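Below is one structure, written out as structure tokens; comments come after it.
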Amino acid sequence: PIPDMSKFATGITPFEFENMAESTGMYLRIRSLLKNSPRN
Amino acid sequence: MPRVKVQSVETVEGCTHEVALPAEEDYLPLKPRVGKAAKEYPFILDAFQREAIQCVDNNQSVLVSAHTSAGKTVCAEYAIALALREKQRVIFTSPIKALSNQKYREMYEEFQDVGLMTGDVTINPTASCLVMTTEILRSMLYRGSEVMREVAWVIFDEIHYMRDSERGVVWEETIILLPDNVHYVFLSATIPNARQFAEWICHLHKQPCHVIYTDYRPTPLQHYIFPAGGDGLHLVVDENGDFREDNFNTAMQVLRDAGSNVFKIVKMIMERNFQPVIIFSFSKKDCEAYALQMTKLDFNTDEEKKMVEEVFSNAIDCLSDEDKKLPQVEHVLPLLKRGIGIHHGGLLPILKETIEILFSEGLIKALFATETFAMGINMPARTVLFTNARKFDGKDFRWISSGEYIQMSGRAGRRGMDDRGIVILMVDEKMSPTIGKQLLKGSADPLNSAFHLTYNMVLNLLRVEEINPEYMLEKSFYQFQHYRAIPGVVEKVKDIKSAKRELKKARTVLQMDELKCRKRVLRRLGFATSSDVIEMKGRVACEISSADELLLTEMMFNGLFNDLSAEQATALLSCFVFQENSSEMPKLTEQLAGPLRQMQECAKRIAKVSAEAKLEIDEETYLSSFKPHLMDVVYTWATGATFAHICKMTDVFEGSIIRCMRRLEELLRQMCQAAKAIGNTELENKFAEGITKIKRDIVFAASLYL
RNA sequence: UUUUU
């Protein structure tokens, strides 16, 4: 039923990794200070 | 007619196990695992946990339908671990974008080989565990996108989102377009027709699909009702489930014969050690109003205020100096100091997730949130308090259903921290106790397929050489549910005979006349030929999937987007991503109303042809759908203005403006490589310039979970 | 009087 992706690729541009980003580490910086929280 | 069957394999005093087998197939029992566990756990799994793990271990699709507080994520973690061990790729899809960010955070913390892929952000897109949104997966499936070539599992989270008349169609598109050699894990809330979904999966991609259904919750709930006028809570239902009609009658008699209110109840709750608390309201003004009304009470300790200072300081240090002086930051800081906070869709998206982090930590002890804090978002509380019961849905003004009540009330009760959860309900105006008994006793809802036809569907399926719109119409869940009432359309043999004959015999063209009309419009305009093959004009429209692509492509080809500037083009494009209404109509200059009037003329020309071809469209809502309420805001923003300078020109919440700008950046991205289809180079880079002068200070900021 | 890519 479902054909191969080769025929899906034709007639349209491919899929690109627009707006690539990397972990700034801010979340780890905040978690580093979370030492005596009520939950932990 | 579909040929499936259910076997209902026995389960030992736990959940209910059933498997949908395709027609003539013998039920071979699940073989025990041979090897080592793919993922050990620090605790002891429950019955449905073990059953789902066993279903995954045998490379067979499984559906689990339970509560959110039951531990339904463990199965997906096991599937991801086992696919990692066997050197296979995984896909984890979520409906909401923020949910995707939180899921990526919590799964990078555990597996260490993951990748995020949404419209806005793409992190390490070479991994065996990709976290994506549903629309990115559908775009990949429609294009070549050779990333599912080596994938073995696909995990759908919150499968019940396929109940939206607006966005539940891409879900079915994604499910139908997937290959026949992949296995799925569907996660559900409690639904009546769990079996029918497994039957649909079995009929769809020739394989068994198990069903796990349980109603177990680790922490029992206790519901109360507070009549309008009185002191004290009336325990309607308890940890055993009986309705206790005497207290419902007592409360309703109080509300009848007798007929700061929230302040007193919150003080009562916080006096008898019932923290934390979630107060659910269905208007964003009421949340802020209640927070101001509680401003005169303090719950945090001296050290807790230092902690909230330390955690807020970095989050706003990421925000540059100019934005730290915004009114909202200084408005919210004292409230977070005292121990209270608000959560609604009008806040800045950075303050929202700051408050989410603070509530998860435990420093927020009374939150005032809207409906979409419980649906998703991974933090429970001890008490849930409803302030009203009526809500505006979008088309009328309506009471909360039992499904919504269960969803919001299930957030009360934390495993191991507290013995029981406390739920409080407020009734204020002639409850007329036919309803209120339904809310606290009924099941949640069945899930039904909407699956309306769209122009993008037809345009994409006419481009592919081996699939047609008729196939996707036939294989939809709508058709599957509409073939199921053969036992009861034929069984009317005992006037009503004419009626029952008509009804059953009639339907053969279900959503086929609409498809014919859409095709007729398409070949009338010029997107497809008479022989029904896509053209150059219709391949441009295939690259646009955020706004109305027909009218946008009509602009592209008529010559409306050239001889315009970049600022007044990206201001014109704002009419296609803003759909909320405002009290007042701003006044536009000639250089900002000419393009609007040409937009409206093109819309009228589109609608005339669309309505002379038997399609039921009224040419008042089509032109009223494009709302130029933010065109001057967008124009000012793409000139070098400040965010503070610009959120004073309209009575629209800042969060709404930020959402509109993010959607417009996405639409500009798609218009870039929709203009780079017809060899347009003067126009292609104008959209890129407009993209460059949007994302400058605060609308586009790094996520706290990312 | 909410909502969402």
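Residue numbers start at 1 in each chain; chains themselves are named A, B, ... in the order of the structure tokens; ligands are numbered from 1 in the order shown.
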Using only C-alpha atoms, I'd like every residue of chain B that has an atom within 8 Å of chain A; please write them out as a VMD selection string.
chain B and resid 117 119 to 125 140 to 146 177 to 180 311 314 360 to 363 463 to 467 539 542 to 543 704 to 706
Quick one: write out the picked residues with C-alpha atoms as a short mmCIF file (atom, residue, chain, number, x, y, z; two decimals), in the first residue's frame?
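Now in selection.cif:
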data_model
loop_
_atom_site.label_atom_id
_atom_site.label_comp_id
_atom_site.auth_asym_id
_atom_site.auth_seq_id
_atom_site.Cartn_x
_atom_site.Cartn_y
_atom_site.Cartn_z
CA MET B 117 13.29 18.36 16.15
CA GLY B 119 9.65 23.86 13.82
CA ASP B 120 11.60 26.30 15.99
CA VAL B 121 14.56 24.23 17.24
CA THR B 122 16.56 21.26 15.92
CA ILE B 123 19.16 19.70 18.23
CA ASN B 124 21.49 16.93 17.01
CA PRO B 125 19.32 15.42 14.23
CA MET B 140 8.78 14.10 6.66
CA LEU B 141 6.36 11.36 5.60
CA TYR B 142 4.97 13.47 2.76
CA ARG B 143 8.49 14.34 1.57
CA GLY B 144 11.38 11.93 1.02
CA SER B 145 12.99 12.51 4.42
CA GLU B 146 15.07 9.33 4.55
CA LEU B 177 1.19 7.24 5.93
CA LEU B 178 3.53 5.18 8.13
CA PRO B 179 5.08 1.99 6.71
CA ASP B 180 3.70 -1.47 7.40
CA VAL B 311 16.53 30.98 40.52
CA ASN B 314 19.66 33.75 36.17
CA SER B 360 8.24 21.77 40.38
CA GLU B 361 10.89 22.72 42.95
CA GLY B 362 8.33 23.26 45.70
CA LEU B 363 8.61 26.99 46.38
CA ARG B 463 2.00 14.81 -6.30
CA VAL B 464 2.78 11.26 -5.14
CA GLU B 465 2.64 8.78 -8.02
CA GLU B 466 1.26 5.75 -6.14
CA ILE B 467 -1.30 7.16 -3.66
CA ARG B 539 3.93 22.49 -6.33
CA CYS B 542 2.70 22.11 -1.35
CA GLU B 543 5.47 23.98 0.51
CA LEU B 704 14.64 27.03 30.06
CA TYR B 705 14.25 23.30 29.30
CA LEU B 706 16.50 23.41 26.24
#
Applying 10 Å and only C-alpha atoms (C1' of nucleotides), which residues near residue C:4 remain after dropping the ones on its own chain fewer than 3 positions away? List them as a VMD selection string.
chain B and resid 95 to 97 166 to 167
Kindly save the residues from that selection, with N, CA, C and O atoms included, as a short mmCIF file (atom, residue, chain, number, x, y, z; two decimals), in the first residue's frame.
data_model
loop_
_atom_site.label_atom_id
_atom_site.label_comp_id
_atom_site.auth_asym_id
_atom_site.auth_seq_id
_atom_site.Cartn_x
_atom_site.Cartn_y
_atom_site.Cartn_z
N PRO B 95 2.00 16.26 20.80
CA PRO B 95 1.19 17.29 20.12
C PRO B 95 1.68 18.71 20.35
O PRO B 95 1.76 19.51 19.41
N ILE B 96 2.00 19.04 21.60
CA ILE B 96 2.37 20.40 21.99
C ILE B 96 3.88 20.56 21.91
O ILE B 96 4.64 19.62 22.16
N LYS B 97 4.32 21.77 21.57
CA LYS B 97 5.74 22.04 21.41
C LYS B 97 6.47 22.14 22.74
O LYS B 97 7.60 21.67 22.87
N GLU B 166 -10.01 20.77 14.27
CA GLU B 166 -9.08 21.66 13.59
C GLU B 166 -7.72 21.03 13.31
O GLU B 166 -7.17 21.24 12.23
N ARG B 167 -7.17 20.26 14.25
CA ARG B 167 -5.81 19.74 14.10
C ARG B 167 -5.71 18.24 14.32
O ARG B 167 -4.59 17.71 14.38
#
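Omitting residue B:113 and its sequence neighbours fewer than 3 positions away, and counting only C-alpha atoms (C1' of nucleotides), the residues within 12 Å are residues 80, 81, 84, 85, 87, 89, 90, 104, 105, 106, 107, 108, 109, 110, 116, 123, 124, 125, 126, 127, 128, 129, 130 and 131 of chain B.
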Output N, CA and C atoms of each residue in that selection to a file, as a compact mmCIF listing (two decimals), in the first residue's frame.
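So the final result, stored in out_20.txt, reads:
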# COMPACT_ATOMS: atom_id res chain seq x y z
N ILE B 80 12.13 2.40 24.28
CA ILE B 80 13.25 3.18 23.78
C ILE B 80 14.57 2.51 24.14
N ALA B 81 14.68 1.99 25.36
CA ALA B 81 15.90 1.32 25.78
C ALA B 81 16.15 0.06 24.95
N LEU B 84 17.26 1.00 21.52
CA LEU B 84 18.65 1.43 21.58
C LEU B 84 19.60 0.24 21.64
N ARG B 85 19.26 -0.76 22.45
CA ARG B 85 20.12 -1.93 22.60
C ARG B 85 20.25 -2.69 21.28
N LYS B 87 20.16 -1.48 18.35
CA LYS B 87 20.72 -0.61 17.32
C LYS B 87 19.66 -0.23 16.28
N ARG B 89 16.46 2.94 15.44
CA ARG B 89 16.05 4.31 15.67
C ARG B 89 14.64 4.36 16.25
N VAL B 90 14.36 5.43 16.99
CA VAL B 90 13.07 5.60 17.66
C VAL B 90 12.54 6.99 17.31
N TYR B 104 12.12 16.16 25.88
CA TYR B 104 13.52 16.09 25.46
C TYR B 104 14.45 16.27 26.64
N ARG B 105 14.14 17.22 27.52
CA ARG B 105 14.98 17.42 28.70
C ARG B 105 15.04 16.16 29.55
N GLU B 106 13.87 15.62 29.91
CA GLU B 106 13.85 14.46 30.81
C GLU B 106 14.39 13.20 30.15
N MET B 107 14.39 13.11 28.82
CA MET B 107 14.93 11.92 28.17
C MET B 107 16.40 12.05 27.82
N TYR B 108 16.90 13.28 27.64
CA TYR B 108 18.33 13.49 27.57
C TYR B 108 18.98 13.26 28.93
N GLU B 109 18.26 13.58 30.01
CA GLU B 109 18.79 13.31 31.34
C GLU B 109 18.98 11.81 31.59
N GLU B 110 18.32 10.95 30.82
CA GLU B 110 18.31 9.52 31.12
C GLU B 110 19.00 8.66 30.07
N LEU B 116 16.19 16.67 19.56
CA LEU B 116 14.95 17.42 19.44
C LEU B 116 14.80 17.95 18.02
N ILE B 123 17.96 19.99 17.45
CA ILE B 123 19.16 19.70 18.23
C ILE B 123 19.63 18.29 17.89
N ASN B 124 20.83 18.19 17.31
CA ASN B 124 21.49 16.93 17.01
C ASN B 124 20.57 15.99 16.24
N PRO B 125 20.23 16.29 14.99
CA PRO B 125 19.32 15.42 14.23
C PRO B 125 20.02 14.23 13.58
N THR B 126 20.86 13.54 14.35
CA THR B 126 21.42 12.24 14.00
C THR B 126 21.47 11.45 15.31
N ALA B 127 20.42 10.67 15.56
CA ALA B 127 20.33 9.93 16.81
C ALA B 127 19.36 8.78 16.63
N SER B 128 19.43 7.82 17.55
CA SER B 128 18.52 6.69 17.54
C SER B 128 17.25 6.96 18.33
N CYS B 129 17.10 8.15 18.91
CA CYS B 129 15.89 8.54 19.63
C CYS B 129 15.61 10.00 19.30
N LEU B 130 14.70 10.24 18.37
CA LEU B 130 14.33 11.59 17.96
C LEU B 130 13.02 11.98 18.61
N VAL B 131 13.00 13.15 19.25
CA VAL B 131 11.79 13.73 19.79
C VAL B 131 11.33 14.81 18.83
Return as a PDB file with N, CA and C atoms, in the first residue's frame the residues belonging to chain B that are within 7 Å of chain C, counting only C-alpha atoms (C1' of nucleotides).
ATOM      1  N   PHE B 282     -11.151  29.341  34.227  1.00  0.00           N
ATOM      2  CA  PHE B 282     -11.262  29.290  32.776  1.00  0.00           C
ATOM      3  C   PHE B 282     -11.227  30.669  32.131  1.00  0.00           C
ATOM      4  N   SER B 283     -10.847  31.698  32.882  1.00  0.00           N
ATOM      5  CA  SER B 283     -10.607  33.029  32.346  1.00  0.00           C
ATOM      6  C   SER B 283      -9.289  33.534  32.907  1.00  0.00           C
ATOM      7  N   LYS B 391     -17.471  27.142  30.981  1.00  0.00           N
ATOM      8  CA  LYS B 391     -16.293  27.519  30.215  1.00  0.00           C
ATOM      9  C   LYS B 391     -16.684  27.797  28.773  1.00  0.00           C
ATOM     10  N   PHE B 392     -15.995  28.758  28.167  1.00  0.00           N
ATOM     11  CA  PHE B 392     -16.187  29.085  26.761  1.00  0.00           C
ATOM     12  C   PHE B 392     -15.257  28.203  25.937  1.00  0.00           C
ATOM     13  N   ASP B 393     -15.827  27.442  25.004  1.00  0.00           N
ATOM     14  CA  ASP B 393     -15.045  26.486  24.229  1.00  0.00           C
ATOM     15  C   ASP B 393     -14.527  27.064  22.921  1.00  0.00           C
TER      16      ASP B 393
END
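Across the model, the gap from atom CA of residue B:369 to atom CA of residue B:439 is 20.8 Å.
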Can you list, as JSON, numbers by chain, every residue of stretch 391-575 of chain B that DSSP puts in strand (DSSP E)?
{"B": [391, 392, 397, 398, 399, 421, 422, 423, 424, 425, 426, 427]}
If we count only C-alpha atoms (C1' of nucleotides), what is near stretch 553-561 of chain B at a cut-off of 9 Å, once residues fewer than 4 positions away on the same chain are taken out, given as a PyMOL selection string?
chain B and resi 537-538+540-541+544+548-549+565+569+595+598-599+602+606+674-675+683
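As for atom CA of residue B:39 and atom CA of residue B:78, they are spaced 5.8 Å apart.
Close contacts of residue B:4, defined as residues with an atom at most 8 Å away when counting only C-alpha atoms (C1' of nucleotides), with chain neighbours fewer than 6 positions off set aside, comprise residues 20, 21, 22, 23, 199, 202 and 203 of chain B.
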Keeping only N, CA, C and O atoms, write the selected residues as a PDB file, in the first residue's frame.
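Result file follows (selection_29.pdb):
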ATOM      1  N   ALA B  20      -6.288  -7.545  19.198  1.00  0.00           N
ATOM      2  CA  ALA B  20      -7.045  -7.528  17.953  1.00  0.00           C
ATOM      3  C   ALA B  20      -6.235  -8.266  16.896  1.00  0.00           C
ATOM      4  O   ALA B  20      -5.182  -7.787  16.466  1.00  0.00           O
ATOM      5  N   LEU B  21      -6.725  -9.431  16.483  1.00  0.00           N
ATOM      6  CA  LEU B  21      -6.041 -10.262  15.503  1.00  0.00           C
ATOM      7  C   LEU B  21      -6.704 -10.136  14.140  1.00  0.00           C
ATOM      8  O   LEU B  21      -7.931 -10.028  14.056  1.00  0.00           O
ATOM      9  N   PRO B  22      -5.934 -10.145  13.056  1.00  0.00           N
ATOM     10  CA  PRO B  22      -6.522  -9.976  11.721  1.00  0.00           C
ATOM     11  C   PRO B  22      -7.189 -11.255  11.237  1.00  0.00           C
ATOM     12  O   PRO B  22      -6.520 -12.230  10.884  1.00  0.00           O
ATOM     13  N   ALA B  23      -8.524 -11.239  11.204  1.00  0.00           N
ATOM     14  CA  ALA B  23      -9.361 -12.282  10.614  1.00  0.00           C
ATOM     15  C   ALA B  23      -8.892 -13.704  10.906  1.00  0.00           C
ATOM     16  O   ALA B  23      -9.043 -14.191  12.030  1.00  0.00           O
ATOM     17  N   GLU B 199      -8.695  -2.402  16.970  1.00  0.00           N
ATOM     18  CA  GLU B 199      -9.275  -2.965  15.754  1.00  0.00           C
ATOM     19  C   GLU B 199      -8.917  -2.126  14.536  1.00  0.00           C
ATOM     20  O   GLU B 199      -8.616  -2.667  13.465  1.00  0.00           O
ATOM     21  N   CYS B 202      -5.290  -2.802  13.629  1.00  0.00           N
ATOM     22  CA  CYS B 202      -5.169  -4.114  13.002  1.00  0.00           C
ATOM     23  C   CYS B 202      -5.660  -4.097  11.561  1.00  0.00           C
ATOM     24  O   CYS B 202      -5.033  -4.690  10.677  1.00  0.00           O
ATOM     25  N   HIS B 203      -6.790  -3.438  11.305  1.00  0.00           N
ATOM     26  CA  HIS B 203      -7.256  -3.330   9.928  1.00  0.00           C
ATOM     27  C   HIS B 203      -6.343  -2.436   9.101  1.00  0.00           C
ATOM     28  O   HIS B 203      -6.211  -2.638   7.889  1.00  0.00           O
TER      29      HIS B 203
END
